[PDB]
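Colleague: Protein chains in written order, with the UniProt record's numbering: chain A, 18 to 472; chain B, 18 to 472; chain C, 18 to 472. We put the CB at the ideal spot given by N, CA and C, even for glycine. Supplied in structure tokens, the structure appears directly below.
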Amino acid sequence: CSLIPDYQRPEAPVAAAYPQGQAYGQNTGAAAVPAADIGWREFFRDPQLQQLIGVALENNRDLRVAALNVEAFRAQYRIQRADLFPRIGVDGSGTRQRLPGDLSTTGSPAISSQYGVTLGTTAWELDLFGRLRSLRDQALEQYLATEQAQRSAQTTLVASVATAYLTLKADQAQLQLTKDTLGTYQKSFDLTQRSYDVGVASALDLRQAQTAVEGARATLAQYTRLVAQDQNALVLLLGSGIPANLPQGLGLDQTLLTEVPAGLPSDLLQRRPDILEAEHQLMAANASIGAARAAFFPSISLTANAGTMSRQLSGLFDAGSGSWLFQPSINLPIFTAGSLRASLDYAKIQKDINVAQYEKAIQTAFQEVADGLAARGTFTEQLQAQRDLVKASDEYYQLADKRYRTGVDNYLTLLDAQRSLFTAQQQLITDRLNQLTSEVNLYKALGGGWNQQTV
Amino acid sequence: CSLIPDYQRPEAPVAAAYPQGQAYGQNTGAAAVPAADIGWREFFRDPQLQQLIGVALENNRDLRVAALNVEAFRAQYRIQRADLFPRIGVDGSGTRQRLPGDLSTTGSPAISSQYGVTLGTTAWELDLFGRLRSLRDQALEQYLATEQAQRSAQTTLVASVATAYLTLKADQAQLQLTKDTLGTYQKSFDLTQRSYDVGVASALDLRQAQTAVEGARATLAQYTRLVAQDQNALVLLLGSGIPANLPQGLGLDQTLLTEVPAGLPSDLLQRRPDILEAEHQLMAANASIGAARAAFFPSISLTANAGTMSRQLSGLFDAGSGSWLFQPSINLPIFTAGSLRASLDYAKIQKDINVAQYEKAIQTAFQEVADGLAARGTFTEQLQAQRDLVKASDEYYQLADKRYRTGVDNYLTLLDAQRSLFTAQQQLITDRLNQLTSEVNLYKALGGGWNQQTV
Amino acid sequence: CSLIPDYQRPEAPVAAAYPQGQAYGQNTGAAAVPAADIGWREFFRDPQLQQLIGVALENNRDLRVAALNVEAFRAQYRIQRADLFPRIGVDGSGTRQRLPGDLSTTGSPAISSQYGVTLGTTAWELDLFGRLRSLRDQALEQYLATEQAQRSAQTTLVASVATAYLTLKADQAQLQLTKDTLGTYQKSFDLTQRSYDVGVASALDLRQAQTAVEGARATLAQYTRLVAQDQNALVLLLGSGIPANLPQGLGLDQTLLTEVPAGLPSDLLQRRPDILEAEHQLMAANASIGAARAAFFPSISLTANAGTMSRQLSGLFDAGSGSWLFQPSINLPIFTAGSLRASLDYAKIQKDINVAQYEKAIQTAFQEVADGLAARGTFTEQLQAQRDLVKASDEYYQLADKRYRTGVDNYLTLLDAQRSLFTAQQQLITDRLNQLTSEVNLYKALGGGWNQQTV
């Protein structure tokens, strides 16, 4: 009979509800369908990203290693399952010694020889008190923990691919907007050079208009470098090259993603993968306590074989040479120097170590979901304010264009208004990128994109 | 006999004094009470911070794992100490074999069965030359390194909780100043809207007063998220949530911490816990060299038991069946093919690796303490030059307020000085937060808070 | 015989050429001399940096651990190589037991005290099918992987030392320009104080002049702190202190690094050390399959000894007590419970894991070299624009100095032009530092400085 104690899951050391305050919105309560059960095909609505994630889900190498670890742990589980059964083997022996006359039976030094081949098992421990079954269950729980870790690696890879793709999508728009600002500065320098060549401006204004262009083209260079260094960072995450037959993507202002229900915090114990990984490692540490307890109890070993024995090698195949052996053995320790007790304390300590690691994983998940809820609460007001700033800059540019077309303002004032519009659009692009990255990280922290479609 | 070499502590490859220069102050020499002897209750002068650290030293799970690891290594040391004793047990054996008619002693095939219940040991290695004692000493030193690791984890947790609390305390005042800047901008927009509706201001001055207001609103919405996102970071480090009945904390302008003596570079060898951990690992490797040395010498084992044996089953514990067995064994390897010398060389290489890691731990501790001393040397004049800036900006604000009260300037010019006051106060708050974070990290680097009060 | 499968190096899962776009130059094709064959002495053309590397390569404690791990794994290889030879040792025995009246040959309880002193081998497994040979090959391949890891650590240390020294060289020039800016601000404050004393200006201008000098005293302190905290990191990387007999260094405007050719990605498989380390790990995992295949085949163990056996204690000297024993045995498993097949599957899975890790090492090296080439293609135009900006600011300042020498402008405007000149001159230093850091990292990713001279 077994000796593994009864497993009881520890309570969550978090608050009962997600945090409130000025940053957070109202709590939605329970979830009809959780964010884990929502597949990543319905979450990401950009069809270019839906193909890039599909490329990265079988061309990546971290996901491939995390997939192969599950097979590596099944191969370790089958080994530990195999030790309950006896190891039937063929064992051929030979012995040739020369005892002296004192120790030999004939009172004379004579060379004695015995040979024989048997079929049978040696030292086959009969798992009566549940030791080898406890090690089997420990290996099975470690396999389940690896199976959860593969899903966690897939969710991390999906959120990383979406983050890098949105980063490239933002930096290309930044490059185009800086390419417009450089042309504005170039036109302003051309008008200042004309005004200096006719004799109305001095060299002091020509040098300032030169410094503006020479400061803009350095920004153009250091944004071209960023576009290339994000293309390389996406190519490394994909595992292969970027596919050529890709569908046309969406702009940053469109609704790229779908909102997900946060749900209750107690759902995080049921859906997030690494919490389940820590729980299964806790169950393995629990199953080790049975193997530590069974060392006190008696162990039963067995040795049994049957075959042919003879004096010389020629008498092996002959009839009448049948032989068998049957050796049972029981063993019970009485006095160890506190050895088995200290091993039992070692198992009981590592169970509490896994309890503490499980609780720390729950607390980390709660913290990085509350951060995403704070970001979702505040980024709506932040982007509404930035979009109103962009609209007011557009109205200022249209009014400056009316004063230019009428004839009151020269062209340098209109060029001064264009880059003031472009700065406001650049800041909007950066804030929208931060809003999308926080939502992608919230989707990873809530259970992630393990399923492809919704269940 | 013992073959462990005489342990010698290696010299620290650092300079004899803390570095000088125009960033550092002047070295004070020796220290009557070094920083490890100063507890964290008399160091942090905030009564709220002390209660938060009192919560964190009980509820944080990362400290709990390190508090269980020392007991795990204690159990491992007890297991390795238990090897110096014979394992006494009850062995109930049995044997029933059928042999052919030539190897049997009668020339006829028969069954030679016996049974026996004995009590005693087997393979008890008599530690004469000190192999198992050297392994016991290695387990003892590996136990002694783990409580130094626990002390280092406690110092790191104390510095992390203090840094997170000061970051929260600074970010709340940053939010409080951002709200006032937005309240300034809203009045400056309402006055421009009134002046536009009256007829004096064009619609090119309304739009830029609108863009200023939206630029303030976006900063408010991104500081609220920061306050929430480091409230969650404090809650994660505290283990449990923030308590409700808290004392009244101190503002950033007051003396929040205590000045601490730097001391000498030769004190880091005595008081910083990770250097003592790296030293005890070196003592463990020096102990393992003795266990590798003992393999060249003859090993002595013993097998001795006493019990009752019989030919058939029913006559086991009946009288006239007492028996013993005594077996000494001596082994000395003559020709291992360079195996034992390779194991000895491997032990020496492990000792040299621990030497190099010990010296690297000393060098990194010196680098951290010298960074903290440089920052302590320069932040005093940095914050002096920063407080003079806020004093001059406040004098500018009061002179502009006198001009407004007299009737020379309008209410649009006074608000442009109030914003400069707010900008200078925000920069002062940021520099003060940097000064306090550097002093908390300097307190950690010198030996940290492991004691609670002064010793 | 040997059961190790044939090793086939996998294909590079990268593109056949480095990427091309707006940020890259032209692909120079194959390199007649590679980047890994260029020594670091010829690459770093600064006579101070060469001496700093010639100190750091001897005094660093990470390179010492990496250069001792190759000796540890050489000893671990020699241990496994020693297991092919039989262990020849002397064995002293002895047995005293009182069998009961049933199991003794006399019919009465007899005491059978025998002894023996012999020399020979026990349990010597004959490696006919290549199990221990494949284990020796696995240990040899892991030794070669550690050999590659040492060179990878040396290249990383060289790149870190060069980056830290160039950062110190940049920050000292930043200190000098900040001192010049502070002197300009102090002269402006003295002129404004004099104009306030005569009565031309008001206190409203004196406070604004005071704020600008406090803002420079607050920056001088933090740049002094940056220079000290960077010197401490350089002394940490060097191991020992900075030597006093340093030769004269060079400025950042002078050409410090030799241009290295990029070559082809197919050279990355040949000369980067952390690709060869992942290759030798794969060869070790390939030898592990030959180690796992040999479990299905018969193992031939041997015991063989010769010496003097006797009954009394005094019989071990004289003749007539000699003895030998020769005991061969073969074992062949027939039925296991899927244990050997699971171990073979585990070996194949551990081969495929190292296949995936080798491909990921190739992809990481490709991404790093591609980022370095994207930096090299853009930093030329960025630095050209920045030094043209510095030249235009110098011409503007010289025209302002002409207007001051003539009599039109006062000293307040001439001093105002110098601050813009210093701002451009210290943006150029940051851009030059970023270019040199990217070039050092591109040299490290291409194969790095393993050799001192050109090979």
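Report the residue from C:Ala127, C:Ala73 and C:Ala33 whose alpha carbon sits nearest the alpha carbon of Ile259 (chain C).
Modeller: Residue C:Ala73 is the option with its Cα nearest to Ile259 (chain C).
Colleague: Using a Cβ-Cβ cutoff of less than 7 Å, which residues in the same chain neighbour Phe206 (chain C) once the five nearest sequence positions on both sides are dropped?
Modeller: These residues qualify, in order along the chain: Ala226, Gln227 and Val230.
Colleague: So which residues of chain F does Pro117 (chain A) contact, with C-beta pairs closer than 9 Å?
Modeller: Going by chain labels, chain F is absent from the structure shown, which instead holds the protein chains A, B and C.
Colleague: Output, in chain order, the set of chain B residues within a Cβ distance shorter than 9 Å of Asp362 (chain A).
Modeller: In chain order: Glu88, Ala89, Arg91, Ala92 and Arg95.
Colleague: Per DSSP, what kind of secondary structure is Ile259 (chain A) in: helix, strand or coil?
Modeller: Three-state DSSP puts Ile259 (chain A) in coil, outside helix and strand.
Colleague: Would you verify that the beta carbon of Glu231 (chain B) is, or is not, closer than 7 Å to some beta carbon of chain A?
Modeller: Yes, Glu231 (chain B) counts as interfacial toward chain A.
Colleague: Does DSSP put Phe314 (chain A) in a helix, a strand or coil?
Modeller: Looking at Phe314 (chain A) - three-state DSSP - the assignment turns out to be coil, as it is neither helix nor strand.
Colleague: Can you tell me the Cα-Cα spacing of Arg211 (chain B) and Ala220 (chain B), whole angstroms?
Modeller: Answer to the nearest angstrom: the Cα atoms are 12 Å apart.
Colleague: Excluding the 5 residues flanking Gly324 (chain A) on each side, which residues of the same chain have their C-beta closer than 7 Å to its C-beta?
Modeller: Closer than 7 Å at the Cβ level, and outside the excluded window around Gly324 (chain A), lie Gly133, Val134, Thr135, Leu136 and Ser340.
Colleague: Counting only runs of 3+ residues fully inside the region 71 to 159 of chain A, write out the beta strand (DSSP E) ranges in chain order.
Modeller: Listed in chain order, they are 105 to 116 and 127 to 138.
Colleague: Three-state secondary structure (DSSP) at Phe334 (chain A)?
Modeller: In this structure, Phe334 (chain A) counts as coil in the three-state DSSP scheme.
Colleague: Report the three-state DSSP secondary structure of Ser19 (chain A) (helix, strand or coil).
Modeller: Coil, per DSSP.
Colleague: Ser316 (chain B): which of B:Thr201, B:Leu80, B:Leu361 and B:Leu143 sits nearest, CA to CA?
Modeller: Of B:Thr201, B:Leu80, B:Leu361 and B:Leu143, the residue nearest in Cα terms is B:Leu143.
Colleague: Applying a beta-carbon distance threshold of less than 8 Å, which residues of chain B neighbour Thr395 (chain A)?
Modeller: What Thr395 (chain A) touches in chain B: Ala238, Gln239, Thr241, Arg242 and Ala245.
Colleague: In the structure shown, what three-state DSSP assignment does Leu269 (chain A) receive?
Modeller: Note: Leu269 (chain A) maps to coil in three-state DSSP.
Colleague: For a quick check, are the C-beta atoms of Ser356 (chain B) and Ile96 (chain C) less than 7 Å apart?
Modeller: Yes, the Cβ-Cβ distance between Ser356 (chain B) and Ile96 (chain C) is below 7 Å.
Colleague: Going by C-alpha to C-alpha distance, which of B:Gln131, B:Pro117 and B:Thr123 sits closest to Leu120 (chain C)?
Modeller: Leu120 (chain C) has its Cα closest to that of B:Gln131, out of B:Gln131, B:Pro117 and B:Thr123.
Colleague: Check each candidate in B:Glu59, B:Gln155 and B:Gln265 and name the one with the smallest Cα separation from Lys186 (chain B).
Modeller: Comparing Cα positions, the closest option is B:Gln265.
Colleague: Let me make sure I understand the geometry here. Which of A:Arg289, A:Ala304 and A:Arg148 has the alpha-carbon closest to that of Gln25 (chain A)?
Modeller: When only C-alpha atoms are compared, the closest one is A:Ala304.
Colleague: Could you work out which residues of chain C lie near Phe102 (chain A), taking near to mean beta carbons separated by less than 7 Å?
Modeller: Neighbours of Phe102 (chain A) on chain C, chain order: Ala354.
Colleague: Could one say the Cβ of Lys419 (chain C) lies closer than 7 Å to chain A's Cβ atoms, at least one of them?
Modeller: So no, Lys419 (chain C) is outside the interface.
Colleague: Is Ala220 (chain C) close to chain B? Criterion is C-beta to C-beta, closer than 7 Å.
Modeller: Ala220 (chain C) counts as touching chain B.
Colleague: Taking any Cβ of chain B, which residues in the region 23 to 56 of chain A have a Cβ under 8 Å from it, in chain order?
Modeller: Those would be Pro30, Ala32, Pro36, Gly38, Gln39, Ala40 and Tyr41, in chain order.
Colleague: Does the region 441 to 456 of chain B touch the region 387 to 399 of chain B, meaning 3 or more C-beta pairs lie closer than 8 Å?
Modeller: At 8 Å Cβ cutoff, the stretches touch.
Colleague: Can you check whether the CB of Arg168 (chain B) is closer than 7 Å to the CB of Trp467 (chain B)?
Modeller: Cβ atoms of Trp467 (chain B) and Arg168 (chain B): closer than 7 Å.
Colleague: Looking at chain B, is there any beta carbon in it that lies within less than 7 Å of the beta carbon of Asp388 (chain A)?
Modeller: With 7 Å as the cut-off, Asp388 (chain A) counts as an interface residue toward chain B.
Colleague: Looking at chain A, is there any beta carbon in it that lies within less than 7 Å of the beta carbon of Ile259 (chain C)?
Modeller: Chain A contact via Cβ: absent.
Colleague: For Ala156 (chain A) and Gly71 (chain C), what's the separation of their Cα atoms in angstroms?
Modeller: Each residue's alpha carbon lies about 51 Å from the other.
Colleague: Is DSSP giving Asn451 (chain B) helix, strand or coil here?
Modeller: Residue state, collapsed to three classes: helix.
Colleague: List, in chain order, every chain B residue whose beta-carbon is nearer than 9 Å to that of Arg153 (chain C).
Modeller: By Cβ distance, chain B contributes nothing, its closest Cβ being about 12 Å from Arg153 (chain C), past 9 Å.
Colleague: What does the alpha-carbon distance come out to for the pair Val472 (chain B) and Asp291 (chain B)?
Modeller: Cα to Cα, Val472 (chain B) sits roughly 20 Å from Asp291 (chain B).
Colleague: Hey, could you find the ends of the beta strand (DSSP E) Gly339 (chain A) is sitting in?
Modeller: Here the beta strand (DSSP E) through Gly339 (chain A) covers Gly339 to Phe352.
Colleague: Have a look at the DSSP bridge pairing and note the partners of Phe60 (chain C).
Modeller: According to DSSP, which records beta bridges pairwise, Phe60 (chain C) is partnered with nothing at all.
Colleague: Please report how far the alpha carbon of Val425 (chain A) lies from the alpha carbon of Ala233 (chain A), in whole angstroms.
Modeller: Looking at the two C-alpha atoms, the distance is approximately 28 Å.
Colleague: Please report the straight-line C-alpha distance between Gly124 (chain A) and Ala359 (chain C), rounded to a whole angstrom.
Modeller: Cα to Cα, the separation comes out at about 53 Å.
Colleague: Establish whether the CB of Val107 (chain A) and some CB of chain C are separated by less than 7 Å.
Modeller: Closer than 7 Å to some Cβ of chain C, the Cβ of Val107 (chain A) qualifies, so yes.
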